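Q: Here is the sequence, then the experimental structure:
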Amino acid sequence: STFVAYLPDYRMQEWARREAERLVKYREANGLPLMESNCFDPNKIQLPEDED
Amino acid sequence: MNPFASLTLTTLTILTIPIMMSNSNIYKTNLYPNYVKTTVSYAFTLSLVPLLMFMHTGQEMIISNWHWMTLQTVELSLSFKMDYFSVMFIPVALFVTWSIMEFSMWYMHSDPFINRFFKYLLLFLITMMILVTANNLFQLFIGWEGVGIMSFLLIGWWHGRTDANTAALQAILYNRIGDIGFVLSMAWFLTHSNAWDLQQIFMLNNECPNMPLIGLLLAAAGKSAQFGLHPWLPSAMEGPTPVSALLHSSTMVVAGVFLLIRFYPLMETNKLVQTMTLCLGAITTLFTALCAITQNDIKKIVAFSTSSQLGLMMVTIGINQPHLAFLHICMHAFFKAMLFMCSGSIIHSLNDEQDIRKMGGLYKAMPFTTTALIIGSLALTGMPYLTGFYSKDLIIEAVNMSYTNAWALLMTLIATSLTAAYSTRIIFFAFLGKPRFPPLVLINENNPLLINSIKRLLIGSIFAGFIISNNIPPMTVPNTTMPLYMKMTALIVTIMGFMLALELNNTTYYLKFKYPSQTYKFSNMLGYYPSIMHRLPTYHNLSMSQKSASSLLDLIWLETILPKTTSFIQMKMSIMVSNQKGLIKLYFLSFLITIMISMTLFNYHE
Amino acid sequence: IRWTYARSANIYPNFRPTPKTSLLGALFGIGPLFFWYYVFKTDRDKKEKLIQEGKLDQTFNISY
Amino acid sequence: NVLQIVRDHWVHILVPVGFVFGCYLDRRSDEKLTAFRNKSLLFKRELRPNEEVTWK
Amino acid sequence: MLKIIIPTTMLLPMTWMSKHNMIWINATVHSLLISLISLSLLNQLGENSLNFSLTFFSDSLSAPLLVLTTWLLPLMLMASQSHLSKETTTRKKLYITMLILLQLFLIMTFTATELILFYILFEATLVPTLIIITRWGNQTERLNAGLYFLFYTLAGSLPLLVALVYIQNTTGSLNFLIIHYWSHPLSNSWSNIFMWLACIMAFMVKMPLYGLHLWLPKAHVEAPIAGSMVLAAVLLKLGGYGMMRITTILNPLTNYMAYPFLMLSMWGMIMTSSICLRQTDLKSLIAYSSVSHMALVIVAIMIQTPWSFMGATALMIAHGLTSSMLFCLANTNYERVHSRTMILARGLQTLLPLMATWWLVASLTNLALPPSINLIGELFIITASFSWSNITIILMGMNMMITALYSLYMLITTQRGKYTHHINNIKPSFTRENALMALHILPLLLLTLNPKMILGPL
Amino acid sequence: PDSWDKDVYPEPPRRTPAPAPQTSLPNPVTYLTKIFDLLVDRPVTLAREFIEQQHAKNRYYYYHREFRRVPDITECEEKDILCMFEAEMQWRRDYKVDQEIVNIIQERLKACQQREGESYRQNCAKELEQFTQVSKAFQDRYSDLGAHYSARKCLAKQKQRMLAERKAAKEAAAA
Amino acid sequence: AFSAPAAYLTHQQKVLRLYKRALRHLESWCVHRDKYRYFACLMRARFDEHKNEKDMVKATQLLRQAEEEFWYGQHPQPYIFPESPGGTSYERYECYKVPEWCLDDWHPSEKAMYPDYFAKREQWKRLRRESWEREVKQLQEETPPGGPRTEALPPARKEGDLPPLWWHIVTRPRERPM
Ligand SMILES: CCCCCCCCCCCCCCCCCC(=O)OC[C@H](COP(=O)([O-])OCC(O)COP(=O)([O-])OC[C@@H](COC(=O)CCCCCCCCCCCCCCCCC)OC(=O)CCCCCCCCCCCCCCCCC)OC(=O)CCCCCCCCCCCCCCCCC
Ligand SMILES: CCCCCCCCCCCCCCCCC[C@@H](O)O[C@H](CO[C@H](O)CCCCCCCCCCCCCCC)COP(=O)(O)OCC[N+](C)(C)C
Ligand SMILES: CCCCCCCCCCCCCCCCC[C@@H](O)O[C@H](CO[C@H](O)CCCCCCCCCCCCCCC)COP(=O)(O)OCC[N+](C)(C)C
């Protein structure tokens, strides 16, 4: 139980919290939206030419 | 660092120390009950300080101290809400528990397992504090089920007695029916608001839909023993008297009402659920007050009185007055616990007799118990300027002056008359007249523990209403102008109930005997609700779970289709294939047939 | 011993497929399944149709 | 006198020895999967003035 | 991960070279040491799995299962040595060998990287279980139980094998990482439907699914105590683990292939909970309890959401511990009175108080009292089902009411009331039995203290 | 204190009124808080000072781990296993970071609701709006992927949404 | 509870049982003592009015009518003595009752306390062991060939005999054991 209780953070919870803190600080400072509905840049996506 | 948070946490923390000491050389001695009682008294004295801070500056807090686990976007943390409700309820519950523990030191003196009894009482108190101070729905559910399990264990204290085990399982069944609604509310809140804590739930629900509130109402009806799920509370009188005075009268059974008081911002914006709550409370209070007026066991009368007062609390919640309902909870705790303790004193004096028909004239034989019971009855009936007045009188006036269902109003008035009626029944049959107990008189109330506990609760029942009313901020708008007759409605109906009950009780002295009416039979047998509802559904469920689920399906048809059919088919084919006489003539003819078939069917087609 | 044996092991050897046995088995072993299937399929079809039209009020619905 | 003690309790080294041998075999297995050591786009790094490999 | 596999293979000759009166001590000590070593697998990542080699890997789903297996072996050894005292030395060593081989097969099954290796080990677990049941069971029904245990499994697993090899001819690999990364949707054709059924039915019969569960009461009642422990705690979870692995290639067919199984799971959960209310044999009640909990797990796996997967993992771990503890508790009374009838021995709280406390705690965890991990898994699954459809709260709700009832019923029948007058051979509880109960129950609450270790990869 | 960034977790300037006694009676709260100070806050402060003195004699550091950016799943060939692996790991890390962003916003919302008291419905409008925006973006990105989610399924979802939006825009243009 | 039942109840027994039940329920209705005494005297007069009926058929018809009237007019909540089968303390102390054979399993350290008590227990066990076979022989002699017809047991008749099947009656735990 002691060994499990002190297992090092390989799940990266604290790292993720710190990264999110930096992201929120930067985006709130520059007035950008906190999150984008697209997680991939559309300039790297080629849609089909014709939809008709 | 603003001692509010530290003191609020320490009050709850120090209650667990005797639980940790229950495996030391104090649980094996005769000093354990006093140790637990002293711990509870110290906890009450400490908790008095955050209450003073709130009464001075209105200080409130939430403390999220331990992060338990976090889902993807949902964070679950050990958080305590220290608002007005928590800081007001904790001292009241601690005071009542202190008095009841000192009483139990005398009532359960002959019990060989008194240490386990006190350990059990403390565990219930801890679970109730967890329920009351919770800030998220998971912690509240922990407290909910903890008090449920503690009540199950304390109802079946005498576990060799069949009726106690039956009553404990009945309480569990009804509470599980309520827990269904609790879980429905939890699931709805997590899937729609992405939270289980109160702050986000309040932020994200400006107009709450029906489903979560209906789930909360079902859970409250289960926990507070409302009309649909009422019968378990009177049957919980199978436990020892201190359990009835603490768990099933004043502290645990208000929990459901407390739940609706916690979510009052959401209930404030839904008219249909409010109407449902009002009607449920009205029918509950009427039905229970009507059952109480013919009962002969004193514990049953007090239990039905508690159920009727819970119905009145539900009515108060239904008319959008949650703070009045909380005030009524606090007021009712005092005199209800005192009434149960006086009943226990009578029972212990008369060799564990609980029937009022065998209690004669105890007015002079038991003076202090008589005084305490009279004061408690007067407080319960809303007599002016006592503890019960400052909540019940305002509740009746608010019900009168609101846009409300008219039938609910009528049932509330009839119930508040029946309250005085059954109080009159208790006093008249238990204290007035000539003795009816066995001739070997062992009446003795001269014991400092009993006297001190009852005296503390009596001082509370006299002064707590005034003290608490004059020290809280006003959270409601007062009904300043009313017609005089509607201002006197509660007093008038109480007086009429008193007079009618006194007349009908005085008629019992006559030398006339008549067989009872059907209305009396309906009242005495609890509307026949336990007679039908505890026999028909249980019989059908158990009979179906044997005849159909176990026998017809699991033992017959499921066996018949897959394994038995396979075994039968394989056995028949084995018999067909292997049973040959061993005559070369027959299977050489078979060889000829095979050769011709193989030459025609497969060989002709190439 | 006789009671427990009769309740457990003596049941199948004394079973005969009869109109009563067959009808009760079919009813109580098939009817509930199709009842619940119809209920759940109807509810989920309604929810899916509502979602396609874009009117279900799925705001703040993050966890599933 | 340690003869009888050894012949009675020599079965108590089998499992620790198996644990050590399993650790050694796991290291040997790791030795056969170094085709991308210090070659991933995420972790590619210049070597220190002394160290030879990034991991073993 | 040979640092766990090799010490068990060393347990084998250590047992077969031990002195005749030291087999239990040595086996227990080194089993506990192996469990302590396996405790290190709980250090998992947030992105991918621990890929030890080309053959073995550890995920956040399989590590708690491995820990449970390695922890269950010493408990089985402790529970078995009482009723095997009269046995010869060679047969005792053979019994311990069966237990060790079962542990080895389970350990390799939970960490195999390829699906055919997983299939081979998951079938190899059959032989030691069948031998244990049919050789060391007490009554004549054990033989029939063994047959029911075998063919019910194989009739499910033989189609799966075919499907597996077919898949390897289509995609070129059965490695789970390759299968996950190169996933392609399943179209709606009859061939795809039958491939789905072949991939699902073996795990369904392992859970077991309601309607395919008849083997379980027989096998779990007729088995010796260690057999029942390992059947309820670990071997039922093979189906859930395999289903959660295999569902990565079955989308979007599952979207509508799950309906009959969902209906069966919910209604049969109600049905088996109801069956528990009228049961004369105490072991059969615990078996039907296992069936109800596994129906919940099946629903969670079939609806395919992160919350349902977390709930399924937590429920499997919690149920394993709780059901093993309940079987041991029933076995104590059986060894005292030599009968499994529940109403034979009553009022046992008066005679055995500490055992009554153990009974109370086990029945409290069975009904999922908060904040036990039983309740955490059940609540996560119920919330996911509510998101799937708001009407499920009815059936789930009914289940929550029935479970507690029968659970408390069991307690009230065995511990409360008055003792049977003519039963005069109820001796005080041994230290071994109390230690067994404690070693079951303490890890449950310790896991409650840190629930993210049993919540899986989601 | 300085443990957390005050721009990520902002608070109002904390205006509190000065005591205005109107009665000759003493204040039990002030007397009790003086006793609490002298009897509790000082020994705890001394213990913390000793512990911090011990800590200062042994000062060592840990670092936040830095991850560079690798090509996304859009720049990966169909069967290129290594690029897909790196892109999938990057996508999972981004998913965790987005979850923590939502968690921060929810913490702000809850704190504002508790802080504002009886005026929360009006005084928490900005936090509610921020949570609404973040929740909408997160729901667009990650909802309905199901168990067995991946970067490829997220990309397929984004492509489907983009196609629907492009069709709607072109149909509104023809109006 | 102590007496062995007969095969059936006689007419007089049924009349007396109805009389007791009627008086108890009337007391339940008539709470006060003087009123109960008045109506109990009236009930006794009504009972002994038909005491001298030589026609048995008419007597049983009267008993039938009386039982129907009782069932119509019974108190739905009659007074029950607290330890009676319907009372509030019926089986309250059954959990405190421990059979004597448990004392055989006490650890010798526990038996080191109470030496005299356990010496007396050994004496009682010796007496039971010496008496058992004589009890069995007496039961074998006194039993009719077609088995016993009632549950009544005989007393001891010889010089130093003990009444057969006495151990579990004599060594009852207690009414208030703990
Ligand atoms: C001024 C403006 C305000 C106006 C208000 C109204 C004006 C009128 C003023 C007075 C009104 C009420 C007066 C008292 C009532 C009578 C009391 C009484 O006991 O009478 C004796 C008699 C029976 O006595 P008993 O059997 O000989 O007693 C046994 C022994 O004495 C055994 O003795 P015991 O020691 O066991 O004790 C027995 C016990 C109890 O004995 C009993 O069991 C009898 C129960 C009677 C009391 C119940 C009252 C509560 C009514 C609630 C009803 C809600 C609706 C229910 C609908 C049912 C639907 C089926 O006695 C008591 O303890 C006292 C009883 C209560 C006294 C206090 C009365 C207060 C409550 C009512 C008055 C309210 C005052 C203020 C109003 C405020 C409103 C603005 O009761 C009755 O027969 C009448 C009861 C009324 C029931 C009517 C329901 C209808 C019945 C037929 C149904 C028709 C069916 C049609 C077809 C339908 C097809 C579907
Ligand atoms: C008999 C008498 C009983 C009553 C008397 C008891 C007296 C008091 C003792 C009771 C203690 C009360 C418990 C209160 C909790 C305090 C401890 C808690 O704070 O520690 C937890 C830690 O608990 C452990 O994590 C959980 C234990 C792990 C469980 C593994 C069990 C061991 C394996 C056994 C076999 C496995 C079988 C099951 C297979 C799955 C918190 O973890 P965490 O919030 O992070 O800590 C953050 C800081 N860290 C990370 C730097 C450490
Ligand atoms: C005791 C418990 C055992 C375990 C339970 C296992 C559950 C297995 C149940 C299988 C679930 C569904 C299987 C196939 C999916 C649809 C089945 C069919 O009924 O649906 C319609 C099928 O239409 C008709 O029903 C044709 C099928 C009728 C013949 C099937 C025989 C079923 C009769 C019941 C026999 C019992 C089977 C189980 C034996 C134990 C849909 O119309 P259609 O869109 O065109 O078909 C979709 C496939 N397409 C697209 C390729 C064309």
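A: Alright, I've got the coordinates. Numbering: from 1, shown residues only, chains lettered A, B, ... in the order given. Ligands and ions are numbered 1, 2, ... in the order given.
Q: And the residue in chain G that chain A sits nearest to, how close does it get to residue E:426?
A: Residue nearest to chain A within chain G: residue G:107 (33.4 Å; Cβ to the nearest Cβ). Bear in mind the C-beta positions are built from the backbone N, C-alpha and C, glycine included. When Cβ to Cβ, to the nearest Å is the yardstick, residue G:107 and residue E:426 sit 16 Å from each other.
Q: Which parts of chain D are strands?
A: With DSSP state E as the criterion, chain D has no strands.
Q: Kindly list the longest helix within it.
A: Using DSSP state H to assign secondary structure, the helix with the most residues in chain D is helix D:14-30.
Q: Can you tell me what sits against that helix?
A: By Cβ atoms under 8 Å, 6 or more residues apart in numbering or on different chains, the surrounding residues in contact with helix D:14-30 are D:56, E:1-7, E:9-11, E:13-14, E:17, E:30, E:33-34, E:37, E:52-53.
Q: just to revisit the earlier point, so which of residue G:107 and residue E:426 has more stuff around it?
A: Under the criterion of other Cβ atoms under 10 Å in any protein chain shown, the comparison of residue G:107 against residue E:426 puts residue E:426 first, with 20 against 8.
Q: Helix, strand, or coil at residue 46?
A: Just going to use chain A. Secondary structure, DSSP: H, G, I helix; E, B strand; the rest coil: residue A:46 is coil.
Q: you looked at the wrong chain, it should be chain E
A: The local conformation at residue E:46, judged by three-state DSSP, is coil.
Q: so who does the residue of chain D found nearest chain A touch?
A: Distances from chain D to chain A, computed as Cβ to the nearest Cβ, single out residue D:42 as the nearest residue at 13.7 Å. The contact partners of residue D:42, by Cβ under 8 Å, 6+ apart, come to F:67-68, F:70, F:86, F:89-90.
Q: from the residues you listed, which single one is nearest chain E?
A: Chain E has its nearest neighbour among the contacts of residue D:42 in residue F:89, at 5.0 Å by Cβ to the nearest Cβ.
Q: name the element that closest one belongs to?
A: Element membership for residue F:89, per DSSP states H and E: helix F:81-116.
Q: how about that helix, does it reach chain D?
A: Yes. Contact of helix F:81-116 with chain D (Cβ under 8 Å from any Cβ of the partner chain) involves F:82, F:86, F:89-90.
Q: send the alpha carbons of the helix or strand following that helix over as CSV?
A: Later in the chain than helix F:81-116, the nearest helix or strand by DSSP H and E is helix F:120-123. C-alpha atoms of helix F:120-123 as CSV (Å, rounded to 0.1, in the frame of the first residue of the first chain):
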residue,chain,number,x,y,z
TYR,F,120,-24.6,34.7,-8.2
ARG,F,121,-27.2,34.7,-11.0
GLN,F,122,-26.0,38.1,-12.2
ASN,F,123,-22.4,38.2,-11.0
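Q: which of the residues in the next helix or strand after helix F:120-123 are buried?
A: The helix or strand immediately downstream of helix F:120-123 is helix F:125-142, counting by DSSP H and E. Neighbour counts using 16 or more other Cβ atoms under 10 Å in any protein chain shown place F:127-128, F:130-131, F:134-135, F:137-142 of helix F:125-142 among the buried residues.
Q: Could you list the residues in contact with the helix or strand just after helix F:125-142?
A: Note on helix F:125-142: by DSSP H and E, the next helix or strand toward the C-terminus is helix F:151-173. Helix F:151-173 is contacted from outside by A:37-40, A:42, A:45, A:47-48, A:51, E:183, F:72-74, F:87-88, F:91, F:140-142, F:144-146, using Cβ under 8 Å, 6+ apart.
Q: Give the partner strands of the longest strand that chain B contains in its sheet and their orientations.
A: Across chain B, the longest stretch assigned as strand under DSSP E is strand B:62-70. Looking at strand B:62-70 with DSSP bridges, its partner strands are strand B:75-81 (antiparallel).
Q: circling back: just the buried ones from the contacts of helix D:14-30, in ChimeraX syntax?
A: Buried members of these, identified by 16+ other Cβ under 10 Å, are gathered into one ChimeraX selection as follows:
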select /E:1,2,3,4,5,6,7,9,10,11,14,30,33,34,37,52,53
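Q: Show only the entries of the contacts of helix D:14-30 found in strands.
A: Restricting those to those inside strands, with DSSP E as the criterion, leaves an empty set.
Q: ok, and of the contacts of helix D:14-30, which contact chain B?
A: Within those, nothing lies near chain B by Cβ under 8 Å from any Cβ.
Q: Which helix or strand contains residue E:395?
A: If you go by DSSP H and E, residue E:395 is part of helix E:392-414.
Q: now for that helix, which elements pack on it?
A: helix B:162-193, helix E:259-275, helix E:282-303, helix E:353-366, helix E:373-388 (3 or more Cβ pairs under 8 Å, 6 or more residues apart in numbering or on different chains; DSSP states H and E).
Q: Look at residue G:133 and give its secondary structure.
A: Using three-state DSSP as the criterion, the local structure at residue G:133 reads helix.
Q: separation between it and chain D?
A: With distances defined as Cβ to the nearest Cβ, to the nearest Å, the gap from residue G:133 to chain D amounts to 53 Å.
Q: same thing with residue B:178?
A: In this structure, residue B:178 and chain D are separated by 53 Å, where distance is defined by Cβ to the nearest Cβ.
Q: need the contact list for the most centrally placed residue in chain A.
A: The residue at the geometric middle of chain A, judged as the C-alpha nearest the mean C-alpha position with Cα atoms, centre = their mean, is residue A:20 (7.0 Å). For residue A:20, the set of contacting residues under the criterion of Cβ under 8 Å, 6+ apart consists of F:97-98, F:100-101, F:103-104.
Q: which stretch of helix or strand covers it?
A: Take DSSP H and E as the rule and residue A:20 turns out to sit in helix A:13-30.
Q: now do residue B:220
A: helix B:210-223.
Q: what's the angle from that helix to helix B:162-193?
A: Taking axes from the mean of the first three to the mean of the last three Cα atoms, to 10 degrees, helix B:210-223 and helix B:162-193 form an angle of 160 degrees between their directions.
Q: list the buried ones in helix B:210-223?
A: If you call a residue buried by 16+ other Cβ under 10 Å, then helix B:210-223 has these buried ones: B:211-223.
Q: how about it, does it reach chain C?
A: No. Helix B:210-223 lies out of reach of chain C by Cβ under 8 Å from any Cβ, never closer than 12.9 Å.
Q: report the angle between the axes of that helix and helix E:392-414?
A: Inter-element angle recorded for helix B:210-223 and helix E:392-414: 20 degrees (by the same axes, to 10 degrees).
Q: Moving C-terminal from helix B:210-223, which element do we reach first?
A: Past helix B:210-223, heading to the C-terminal end, the next element that is a helix or strand (DSSP H and E) is helix B:232-235.
Q: anything in that following helix near chain E?
A: No. Against chain E, helix B:232-235 shows no contacts by Cβ under 8 Å from any Cβ, the least distance being 13.7 Å.
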